[PDB]
Amino acid sequence: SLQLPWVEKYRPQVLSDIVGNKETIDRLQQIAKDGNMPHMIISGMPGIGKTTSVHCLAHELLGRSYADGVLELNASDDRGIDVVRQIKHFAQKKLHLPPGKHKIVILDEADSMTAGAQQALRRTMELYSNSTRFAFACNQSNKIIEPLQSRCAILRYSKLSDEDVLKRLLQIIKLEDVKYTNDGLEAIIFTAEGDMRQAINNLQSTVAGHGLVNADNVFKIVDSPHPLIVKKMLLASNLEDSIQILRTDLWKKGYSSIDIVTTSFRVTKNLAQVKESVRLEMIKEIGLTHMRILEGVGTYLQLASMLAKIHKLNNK
Amino acid sequence: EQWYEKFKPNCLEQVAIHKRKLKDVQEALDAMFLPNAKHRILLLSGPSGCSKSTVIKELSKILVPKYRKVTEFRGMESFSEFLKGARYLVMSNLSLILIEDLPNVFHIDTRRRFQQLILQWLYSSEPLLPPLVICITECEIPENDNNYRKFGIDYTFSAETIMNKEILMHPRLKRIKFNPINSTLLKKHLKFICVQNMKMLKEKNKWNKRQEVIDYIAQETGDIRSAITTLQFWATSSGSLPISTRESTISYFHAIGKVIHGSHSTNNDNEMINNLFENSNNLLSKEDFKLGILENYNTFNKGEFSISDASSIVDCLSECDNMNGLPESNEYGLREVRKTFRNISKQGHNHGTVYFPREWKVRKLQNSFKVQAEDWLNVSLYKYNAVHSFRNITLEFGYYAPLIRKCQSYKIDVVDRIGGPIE
Amino acid sequence: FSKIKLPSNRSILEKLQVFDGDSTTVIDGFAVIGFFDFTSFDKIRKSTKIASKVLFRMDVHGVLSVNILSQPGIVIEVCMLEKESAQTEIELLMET
Amino acid sequence: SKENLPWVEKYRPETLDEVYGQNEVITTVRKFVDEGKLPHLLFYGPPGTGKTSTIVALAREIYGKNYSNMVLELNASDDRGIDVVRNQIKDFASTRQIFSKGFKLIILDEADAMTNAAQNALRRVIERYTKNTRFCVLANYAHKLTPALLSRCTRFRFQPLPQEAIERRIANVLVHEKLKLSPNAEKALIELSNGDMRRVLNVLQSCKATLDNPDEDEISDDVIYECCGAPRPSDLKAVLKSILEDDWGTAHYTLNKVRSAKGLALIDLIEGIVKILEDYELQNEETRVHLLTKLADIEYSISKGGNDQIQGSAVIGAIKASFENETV
Amino acid sequence: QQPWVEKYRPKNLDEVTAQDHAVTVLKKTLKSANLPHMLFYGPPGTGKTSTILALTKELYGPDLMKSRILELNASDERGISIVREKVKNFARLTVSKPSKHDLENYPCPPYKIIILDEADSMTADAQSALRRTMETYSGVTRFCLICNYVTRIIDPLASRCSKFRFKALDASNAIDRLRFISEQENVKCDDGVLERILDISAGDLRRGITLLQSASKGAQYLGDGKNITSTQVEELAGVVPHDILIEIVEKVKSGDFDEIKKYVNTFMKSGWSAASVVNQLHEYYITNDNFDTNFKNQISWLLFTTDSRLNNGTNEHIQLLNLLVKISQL
Amino acid sequence: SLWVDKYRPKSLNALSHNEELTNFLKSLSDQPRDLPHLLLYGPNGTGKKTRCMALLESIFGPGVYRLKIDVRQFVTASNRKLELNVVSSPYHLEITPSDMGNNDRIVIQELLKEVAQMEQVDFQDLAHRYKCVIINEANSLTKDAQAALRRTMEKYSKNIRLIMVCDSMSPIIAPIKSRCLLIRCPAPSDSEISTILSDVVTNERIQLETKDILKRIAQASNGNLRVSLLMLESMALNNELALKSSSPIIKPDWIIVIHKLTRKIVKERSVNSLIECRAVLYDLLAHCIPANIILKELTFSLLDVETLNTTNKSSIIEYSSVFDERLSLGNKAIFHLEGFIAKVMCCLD
DNA sequence: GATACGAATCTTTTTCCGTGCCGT
DNA sequence: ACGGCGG
DNA sequence: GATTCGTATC
Ligand SMILES: Nc1ncnc2c1ncn2[C@@H]1O[C@H](COP(=O)(O)OP(=O)(O)OP(O)(O)=S)[C@@H](O)[C@H]1O
Ligand SMILES: Nc1ncnc2c1ncn2[C@@H]1O[C@H](COP(=O)(O)OP(=O)(O)OP(O)(O)=S)[C@@H](O)[C@H]1O
Ligand SMILES: Nc1ncnc2c1ncn2[C@@H]1O[C@H](COP(=O)(O)OP(=O)(O)OP(O)(O)=S)[C@@H](O)[C@H]1O
Ligand SMILES: Nc1ncnc2c1ncn2[C@@H]1O[C@H](COP(=O)(O)OP(=O)(O)OP(O)(O)=S)[C@@H](O)[C@H]1O
Ligand SMILES: Nc1ncnc2c1ncn2[C@@H]1O[C@H](COP(=O)(O)OP(=O)(O)O)[C@@H](O)[C@H]1O
Ligand SMILES: [Mg+2]
Ligand SMILES: [Mg+2]
Ligand SMILES: [Mg+2]
Ligand SMILES: [Mg+2]
């Protein structure tokens, strides 16, 4: 009842412990030292270090004034236009910072903010740009209005590679003196799919359940990403194997039919080595199956029929 | 401070604006500073960072001390009190009032108050008024948190939706739309900034490789402020940090043209479609887009393509219309349209011009027809104890009843085809 | 950072006694700090409006027990939980 | 008290011992409980697999008599909008746990019905007060949950219950109700359940009610098929054989007689025939495509109603058509 | 008085014909107190509402029903808000104290029943907001869901509700009830009648009793004291006469498109229903021995497609003409 | 008044175009106390509403034709104030829920439920005991107002009865049809329409020259009595109180527009022709003409062209069925109305 | 003198922001 | 006791 | 994104 989960127990506290985005992290460290941090928008996918890097930047920049300098607002807090009109008193506040240092307003999850709040944030960013700076962190940069993106320097975080995931996993393991093998860590990375948080959670679960991180123990409690099983099912040559996947690896494993249909839609959108006519025909068949599922017929026969139609439009 | 704040223009010649647009704005502004000037408002609309207000500030720093400051608003009736005191800025107080700050227009009540107060400004009987200028930035408003309102100002933040037709059409209101900064001006100015930072860029050893980024930036964004911010970020950097600039939204007709003809940037249909859905799903998820596709797929080759292709396109559109509002429906329809037009496309085609669907006109005419039929029904109910269903009014009486009620008059009642004639 | 200090006189503050988490050993020079959400703290305002004397008690587990007696009248017992949690700021503001 | 409750609620597990079928997840969560650290869990699986039971028994082995002051359970029956997340959950997480049993627990049952705004706001409540609280998310459809929420939650998949677990739990229910079940009846029950405990318990309750003398009277397969109204295996095989070999008139007569013998519906016959067809060794591979497409269309139409006599003839025609390309 | 459907409604569970697999279970519930959550699904007019009303009457009685029964149907709003407040509050209510008369005459189980009739029309969110309401308060409140299409009930809710399928009432299981109604309404009929009524009324006793009521009304009006013949019931139902069907099929055999077009044009003026003529064509074409296997295989799918299109609410002239043209070109 | 209303039969004995149906209606009205819910279905304009009013007169005596209009207002799920015309009679009620659109659910759940809840007992009360409500255009109920009627007219049938007039019973759900008695109203033969027109001209002065022109009216009306009388008055007004054999059979403007569309489709089959067809279809839809009727008339005008072979006509009817099904399960009609035309001229080429 | 470029035109019917009681 | 603090 | 008109410039 005293231990913290490894996700939060090993959250980086300095910019040097943030794997991945080598160039972006180096730039962030340079901003931390030089100062004069511009307005920034940090996008990317979950589990890459968009908030563990903005918090580390604010720490290493403000330092001792990290209590009167970092006004953190997120989706869990109310962020209406009225709040943006807490963000004005904080900007008007005068604090004696070291030369080159500015106050930071970390608006985590800025993609969920209302548009009135953003239209007022523009006013605050325009009138008080010389004293405070804004650090937007989001998952999709398009959700921030263009006038706000105009005043900010956009930094896009890419997916974390297998090497930057392996390096951090090795650090955490050496700190936690757990036992592993190469295949087990490879499986953990494979199931992570570019997610550091999911990799840490899977490693923690494997250590707790069994203790030794090998392929069998990892795969008996962590499942291989089902988008990849959907892709394997949709690229089968003959219908036997496709239906076989649909049954064994998707139906008897407990996945819902609607989940399979949605995953198939995304897989088809991102599928390669398939003609455009074939792709759009498969999209149409998947849409019809989605319609049938949403109307109530959530049966395995509908999915089997969808796979049969996909094979029929593939072979011709 | 920041390059977009330290290298700000000090004169109009440093302003990144086209010559013709500059001339139009200058002549309009000077005409608005005349004792009795036909135009009372100057509504500047355009994308973000198009020197919409930069040019206005420079121009009011010359025009104001010639016939007499910019007095910018600070955003329920607070704007009323502001404008209640924004009319005394008469001669000896002539200070071009700029309303770049828009009182919250996402709220129905104060949006209507904004519109109905600017109308009172337009119809004011005061003999002397200050030059009123409103800057509106056209920016598509992202997809909200399940907002089921899905109103007009919940899709696009544009002048048309903030103001009402009367406001935008008032004879005393002049509208000058603004265009994204052309690459010529962008390179010309991003190089002036570099000959002012050639010192650091030299010691950084990037002064040599400066025109490469000056051109890539000039080709990636029309936003001058975003261009300068990206230049500052690249110059102060050390390594090969990727050059990323802000992302702009395509237009409705731009999206239609991309679906029909394609894009030169990408010769891949799948990638282009996926990117259009990712960045623009606030328009590709509206039925008006499919109606536009149906209305404008005949503008390819001026309508000189096979009938089988047209039949396939319309059949697919009809099929996807019965797929509900599912995401797969649009992804199928647009993909099929693009495939069909890709196979038939060649060189030598003088493509036509696209147009907005006329469905709104049909709906307005339907409403007019309903209004016509209702009068007939109640007249009959009070003068002939006659109840007739609207279906029979639209199929039989709409044509026979007025013909008889007019011919009998030929020798209170309707004498013309209910809802106008069929053409 | 606003402060409302209750007086030390015996008519307003009849008795203040600080213990070492055992309600038996009284010590001086040490302060007990309670971080409470004012949404919950305002729930006793309507009860204090008719209160003659109010008794405040808190233990180390972070539970504040407001006892209100009215004039026989009605007895009101309010139990309030403490937040997770500025402490040094509190100490520095009240030493000042 | 607990003798007038439905068997689905009377036999709800109270400890992690009584949760069968899901072994790996139970072992892992028991080790997590003993080690004293519990991460943010996410339970996923088909309905009636034992997710709510598992989490509740875990929160009873983690708290005890204070399972009512340490656990905040919110489900679809309660409003869980943005205001609810911002106020009730936030105030439950911020407050202290009176030191009782370490961290507090928040169980979000049926989180797939939660709006995206609430799930997005819950992201910074999960990872801020993780030092005091642990969130558990129960859902049947993972596509309705934001990817960020899935990122910060440990995913445990509840598989459909295997045959062995169903057999063990059926034996428990039988002993506790003084009932006898034949092996064939048990086979039929475990097969009709489709990896569902609730269906098993409901069908067993109906079987007990069907028997004249609940004690001394056994539940044969005939009783199960009568109460649940499902076709016998022999009936499906006979209908299929008549369709495959006999002519149109004989096949139609046999189908009608089979359906009228026990009032069998058409959808259950379609499913039973579909399984046998799935097992077949087809050699043309267009037989399979035609079978699946036509029978899915027939099933959808049945789902919307219509002439129940046109649909049976449609089924016979679809089968004969598809099984004419086999000989091609 | 009242229509024979609202006059011969089963008052107890012994009057519910043709459904013993469920009525037996519900009767065994009377002695016990472990009534589960019930999901009644089946074809229209099969007796689900009558069965549940009879069970409620037998369990509680007229006095305790007003306090221990809540019925919600499609005639009242049942949105997410209503589900989350009104149904939840009624489930949370305490079981009212039965009177001495009630305890001495009726079993008075220690729970209440919430009857949600026409549950197929409820949205998925409203049905999802029911799961824990049923589960948490299962010991003080019971739920009954009535629907015609079980697919419109979400899987989580169908899992917690015991499934009782109500069989279609054909001439082999509802003949006794219709005979009883006839002998108790003094309706004279020929041999073969009261079976043709149940054949025309495919799995519906409500319509097989309304048809009998109309036939009796007409027979009493004519006033010759003669029995009711099969022809009269057929005509009243809306069944196409055999001669018109023979003419239709001869025109189809001819093949001419314009002849079929004009016969269908003159046939649609008679007002015949497309579903009835499609069904009669189905019977003729499938049960005949003058057609080959391939012809029947193709026509079964053709009739199926036409019926599916008709069930969607489409023009019957376009669908009937297309079906007949297709049958003419096979 | 119009000759359709001036000569409207106002009693059960005045009906003269179907005698088996009149005998059935008399049998129903002989004992009005156990009258079930009735659903009158048949071709448009055969006299279904006239037969219903005659039956209501026969059950409630004279008094049902004295109609007066009541303005009744509701509000949708949100704050959308709505209005519905309610023409009422001292013994019966008539509403048209289709006139309010997709929100007929609130109308059915409020107005009908309120009338069905009131017992009507007047000091220990067939006549002014139960109530008759006529649902005009029962086909246009959006699959949900029909769900709210299943219990309204089954539980409160003691004090209310329902008699709905619908042309065709395909869009009516099975539960609604199950609870009601189906009454079929066949279209009159050409001889009966000719006889009715002869009676009208005998009571009028149209000064017929031959009684083979009334037969032409009957044949051109396709069994529609209201249309037949409308043409009779039309010609008997445009051609004066005189109807020569050369007099022109007047047809509705939208019909001749559809015929012109058909001729254009047959003649020109090209993308620009398709755009002009779309323009004409938009013009037709601007007159609130239902799209299913447009498709039906276009299909049956295409099938009337003598220059098309059997294969072209079969393809046309198949496309018509497919696109009618699409139109039924759709939101925007223009897509399907355009797809049908495009396929038609892709097949004729 | 070629041409790249640029401007105009191609348009509209669940969650959150605003207006009775005490003092003189 | 009177003034101030739905779209 | 397409066409058409109109510059500006090399
Ligand atoms: N670059 C990184 N190096 C090491 N650990 C990382 C990195 N990025 C994330 N983590 C781990 O992920 C957890 C913190 O997650 P975050 O970085 O805040 O995720 P995120 O990028 O903000 O995604 P969202 O927007 O919150 S869904 C901790 O367990 C960190 O150890
Ligand atoms: N050469 C230049 N010409 C014009 N503006 C310049 C130039 N160099 C820097 N700038 C700055 O770029 C910014 C452009 O701002 P504006 O376009 O006037 O505002 P805007 O059009 O409203 O953009 P939005 O939509 O508000 S983000 C100003 O801060 C200018 O000072
Ligand atoms: N593994 C199991 N062992 C014993 N009984 C079980 C098991 N799983 C389910 N049950 C029974 O099935 C009932 C319903 O299962 P629950 O766990 O309450 O719901 P669930 O499995 O989470 O499915 P959903 O997603 O909530 S509809 C329980 O009350 C038990 O009686
Ligand atoms: N088994 C039965 N025995 C006797 N009468 C029956 C039986 N089933 C149906 N009926 C009669 O059918 C009529 C209506 O039955 P209900 O059960 O109320 O309708 P229903 O089964 O709910 O069909 P719905 O409401 O359209 S789903 C009544 O007149 C009943 O008397
Ligand atoms: N038996 C009849 N005798 C004379 N006219 C009739 C008869 N039946 C119908 N009509 C005429 O038909 C017209 C329209 O009938 P209507 O009630 O609209 O039929 P429907 O209800 O099927 O549309 C009426 O104005 C009426 O004069
Ligand atoms: Mg984050
Ligand atoms: Mg500006
Ligand atoms: Mg559960
Ligand atoms: Mg019912």
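Residues numbered from 1 in each chain as written, not as in the entry; some residues may be left out. Chains lettered and ligands numbered in written order. Part of a larger assembly, values for the part shown. Heavy atoms only, no water.

Its PDB header names cryo-EM as the technique used to obtain the model and reports a resolution of 2.94 Å.

Per the PDB entry, chain D goes by the name Replication factor C subunit 3 and belongs to Saccharomyces cerevisiae. Quoted verbatim from the Subcellular location field of UniProt, the annotation for chain D is "Nucleus". The Sequence similarities field of the UniProt record for chain D holds the comment "Belongs to the activator 1 small subunits family." (UniProt positions renumbered as here; feature names shortened; annotations may be inferred.)

With the PDB entry as reference, chain A is termed Replication factor C subunit 4, source organism Saccharomyces cerevisiae. Its UniProt record gives chain A a comment under Subcellular location, which states: "Nucleus". Entered under Sequence similarities in the UniProt record, the comment concerning chain A runs "Belongs to the activator 1 small subunits family."

(A) Examining the overall build of chain A more closely. Secondary structure assignment for chain A yields 16 helices and six strands. The principal-axis extent of the C-alpha atoms belonging to chain A is close to 70 × 50 × 35 Å. Taking all 316 residues of chain A together, the buried fraction comes to 62%. Element-wise, carbon and sulfur atoms account for 50% of the exposed surface of chain A, whose accessible area totals about 12,300 Å². Across chain A, the mean location of the 41 positive side-chain charges is 5 Å away from that of the 35 negative side-chain charges. (Helix = DSSP H or I, 4+ residues; strand = E, 2+ residues; numbered from the N terminus. Buried < 20%, exposed > 50% of the residue type's maximum accessible area, 1.4 Å probe, protein only. Areas by Shrake-Rupley, 256 points an atom, 1.4 Å probe, with all protein chains shown as cover. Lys, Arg positive; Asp, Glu negative; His and termini not counted. Charge placed at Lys NZ, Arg CZ, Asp CG, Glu CD.)

(B) Spotlight on the site of ligand 2. Taken together, 22 residues surround ligand 2, and among them B:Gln14, B:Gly49, B:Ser51, B:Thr54 and B:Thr137 come closest. Residues near ligand 2 are shared among chains A and B, making this a multi-chain site. Within the backbone of B:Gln14, an N or O atom sits 2.7 Å from a nitrogen atom of ligand 2. Contacts to ligand 2 include B:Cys50, whose backbone N or O atom sits 3.3 Å from an oxygen atom. The fraction of the free accessible surface of ligand 2 (650 Å²) that becomes covered by protein chains is 92%. Contributing elements (two or more residues each) for the shell around ligand 2: α7 (146-150) of chain A together with α11 (224-236) of chain B. (Near = heavy atom within 4 Å. Polar contact = N/O pair within 3.5 Å; in protein donor to acceptor, adjacent residues only side chain to side chain.)

(C) Seen up close, the interface of chain F and chain E. Taken together, the contact between chain F and chain E spans 64 residues of the former and 57 residues of the latter. Together, the buried faces of chain F and chain E total about 5,200 Å²; carbon and sulfur atoms form 49% of this surface. In terms of surface lost to chain E, no three residues of chain F exceed F:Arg151, F:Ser178 and F:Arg184, which account for 13% of the buried area on that side. On the surface where chain F and chain E come into contact, there are nine salt bridges. Linking F:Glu325 and E:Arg309 is a salt bridge whose minimum nitrogen-to-oxygen distance equals 4.0 Å. Along the contact surface separating chain F from chain E lie 24 residue pairs in polar contact. Mapped onto the side of chain F that touches chain E, the elements with two or more residues apiece are α2 (19-30), α4 (104-117), α5 (145-155), α6 (174-178), β7 (181-184), α12 (291-302) and α13 (310-328) of chain F. (Contact = heavy atoms within 4.5 Å. Buried area = accessible area lost by both parts, 1.4 Å probe. Salt bridge = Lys/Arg side-chain N within 4 Å of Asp/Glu carboxyl O.)

(D) Fine view of the domain arrangement of chain A. Residue and element names in this part refer to chain A. Domain assignment breaks chain A into domain 1 (1-160), domain 2 (161-224) and domain 3 (225-316). Relative to domain 3, the C-alpha centre of domain 2 lies at a distance of 30 Å. Tallying the contact residues gives five residues for domain 2 and five residues for domain 3. Contact with domain 3 buries area across many residues of domain 2, yet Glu 193, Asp 223 and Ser 224 alone supply 82% of it, more than any other trio. Counting every contact that joins domain 2 to domain 3 gives one salt bridge. A salt bridge links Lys 253 to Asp 223; the nearest nitrogen and oxygen atoms lie 3.3 Å apart. The tally of links from domain 2 across to domain 3 stands at two residue pairs in polar contact. Of the residues contributing to the side of domain 2 that touches domain 3, the split by class is one nonpolar, two polar and two charged. (Domains from an automatic or database assignment. Nonpolar A, V, L, I, M, F, W, Y, C, P; charged D, E, K, R; others polar.)

(E) Focus on the interface of chain F and chain B. Across the boundary between the two partners, chain F contributes 62 residues, which contact 59 residues of chain B. Of the roughly 5,500 Å² buried at the junction of chain F and chain B (both faces included), carbon and sulfur atoms supply 60%. Taken together, chain F and chain B are joined by four salt bridges. Between F:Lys343 and B:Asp315 there is a salt bridge, with its nearest N and O atoms 3.9 Å apart. For the interface between chain F and chain B, the tally reads 18 residue pairs in polar contact. When residues of the side of chain F that touches chain B are traced back to their parent elements, those giving at least two are β3 (81-88), α9 (225-238), α10 (253-267), α11 (271-285), α13 and α14 (333-348) of chain F. Looking at the side of chain F that touches chain B element by element, the count peaks at ten residues for α11(F). Looking at side-chain class alone, the side of chain F that touches chain B contains 32 nonpolar, 13 polar and 17 charged residues.

(F) Up close: the nonpolar core. Residues D:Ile298, E:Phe267, F:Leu284 and F:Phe340 are the most contacted members of the largest nonpolar core, which totals 199 residues. Among the elements that line this core, the one with the most residues is α14(F), at eleven residues. The residues touching F:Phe340, leaving out its near neighbours within four places in the chain, are F:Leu295, F:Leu298, F:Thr299, F:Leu302, F:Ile316, F:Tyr319, F:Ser320 and F:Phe323. With 51 residues, the next largest nonpolar core counts E:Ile181, E:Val187, E:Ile209 and F:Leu38 among its residues. (Core = buried A, V, L, I, M, F, W, Y, C linked by side-chain atoms within 4.5 Å.)

(G) Inspection of the protein's contact with DNA strand G at higher detail. Neighbouring DNA strand G are 31 residues; A:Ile81, B:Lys21, B:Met76, B:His107 and B:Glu160 lie closest to it. A share of 76% of the atoms of DNA strand G within 4 Å of the protein falls on sugar and phosphate groups. Interatomic distance of 3.4 Å between a side-chain N/O atom of B:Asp145 and a sugar or linking oxygen of DNA strand G. In this structure, E:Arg84 approaches DNA strand G through a side-chain N or O atom, which is 3.4 Å from a phosphate oxygen. Secondary structure elements with two or more residues in the surface near DNA strand G: α2 (19-32), α8 (183-194) and α17 (359-383) of chain B, α4 (82-94) of chain D together with α4 (80-92) of chain E. For the surface near DNA strand G, the residue count by class is eleven nonpolar, eleven polar and nine charged.

(H) Just helix α13 (residues 248-262) of chain D, in detail. Residue and element names in this part refer to chain D. Helix length check: α13 (15 residues) gives 22 Å between terminal C-alpha atoms against 21 Å at 1.5 Å per residue, within 8%. Every buried residue of α13 is listed here: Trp 248, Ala 251, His 252, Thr 254, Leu 255, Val 258 and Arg 259. The buried residues of α13 occupy one face: seen down the axis, they fall within an arc of 165°. Opposite its buried face, α13 presents the exposed residues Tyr 253 and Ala 261, each directed more than 90 degrees away. (Expected span 1.5 Å × (residues − 1). Arc of directions from axis to C-beta.)

(I) Examining the protein's contact with DNA strand I more closely. All names here are of chain B. The environment of DNA strand I is formed by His 254, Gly 257, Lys 258, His 261, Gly 262, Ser 263, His 264, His 349, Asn 350, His 351 and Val 354. The sugar and phosphate moieties of DNA strand I supply 72% of its atoms located within 4 Å of the protein. In this structure, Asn 350 approaches DNA strand I through a side-chain N or O atom, which is 3.5 Å from a phosphate oxygen. Here the residues of the surface near DNA strand I are counted per class, giving one nonpolar, nine polar and one charged.

(J) Seen up close, the packing of helix α14 (residues 266-279) of chain D against helix α15 (residues 286-303) of chain D. All names here are of chain D. At a minimum axis distance of 11 Å, the contact between α14 and α15 shows a crossing angle of 165°. As judged from the angle between their axes, α14 and α15 are roughly antiparallel. Between α14 and α15 lies a crossing of left-handed hand. The segment α14 lies against α15, with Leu 266, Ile 267, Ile 270, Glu 271, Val 274, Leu 277 and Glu 278 engaging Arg 288, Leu 291, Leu 292, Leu 295, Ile 298, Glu 299 and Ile 302. For the contact of α14 with α15, the per-class residue count stands at ten nonpolar, no polar and four charged. (Axes fitted to C-alpha atoms, helices over the stretch in contact; angles between N-to-C directions. Parallel < 35°, antiparallel > 145°, perpendicular 65-115°, else oblique. Left-handed = near helix turned anticlockwise from the far one by under 90°.)

(K) Seen up close, the side chain of E:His37. Residue and element names in this part refer to chain E. The residue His 37 is located in the loop between α1 (20-31) and β1 (38-41) in this model. Using a relative accessible area of 3% as the deciding quantity, one classes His 37 as buried. A distance of 3.5 Å separates the side chain of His 37 from the side chain of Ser 138, its partner in a polar contact. Setting aside residues up to four positions removed in sequence, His 37 forms contacts with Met 134, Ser 138, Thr 141, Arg 142, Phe 143, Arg 160, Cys 161 and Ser 162.

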